[PDB]
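> Using only what follows, build the 3D model:
(chains A and B)
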Amino acid sequence: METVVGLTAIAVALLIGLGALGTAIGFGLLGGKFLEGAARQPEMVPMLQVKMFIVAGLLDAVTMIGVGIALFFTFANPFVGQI
Amino acid sequence: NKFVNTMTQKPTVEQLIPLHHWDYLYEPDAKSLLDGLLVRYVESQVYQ
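Residues are numbered from 1 along each chain as shown, chains lettered A, B, ... in the order given. The coordinates are given below.
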């Protein structure tokens, strides 16, 4: 089974790497619109910061699934058992 | 002259040119808006 092992390292690198890439760009877009509103209407900041956290839960949802699967493949590799 | 009452006209001199929680949604540039509004303001005071 020498081909399966090591090749799963590429699978975890893609799972965490593509997740990190999307989450870093996504928060740049969401965060830029938060500061744009905050600098023009500082009175709305307490409400808009709460609205930002609602989006943050949806934005990272699939990234956190990918990170969980990558850790699972790193410490309890399911492919090795399939020979 | 200013209308103090129906029996009194008062001669006057009034300066024309030398004169907080939200912000406006400016479609054109704010300079163009302020420059245009100040002209309408002085014309309106001369007409009054």
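
> Need the residue closest to the centroid of chain B.
In chain B, the residue lying closest to the centroid (CA atoms, centre = their mean) is residue B:41, at 3.4 Å.

> ok and the residue in chain B nearest chain A?
Going by CB to the nearest CB, chain A is nearest to residue B:23 of chain B, at 5.3 Å. For every residue, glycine as well, the C-beta is placed using N, CA and C.

> check contacts around that residue.
Counting by CB atoms under 8 Å, 6 or more residues apart in numbering or on different chains, residue B:23 touches A:40, A:41.

> That one falls within a helix, correct?
No. Residue B:23: not assigned to a helix; according to DSSP: H, G, I helix; E, B strand; the rest coil it is coil.

> Report the separation between it and residue A:68.
Residue B:23 is 44 Å from residue A:68, where distance means CB to CB, to the nearest Å.

> what about the residue of chain B closest to chain A, distance to residue B:46?
Applying CB to CB, the value for residue B:23 to residue B:46 is 31 Å.

> repeat for residue A:77
Residue A:77 is 86 Å from residue B:46, by CB to CB.

> which of those two has more neighbours?
residue A:77 (15 against 9; other CB atoms under 10 Å in any protein chain shown).

> Spatially nearest residue to that one, not counting backbone neighbours?
Closest residue in space to residue A:77, ignoring its immediate chain neighbours: residue A:8 at 5.9 Å, by CB to CB, 6 or more residues apart in numbering or on different chains.
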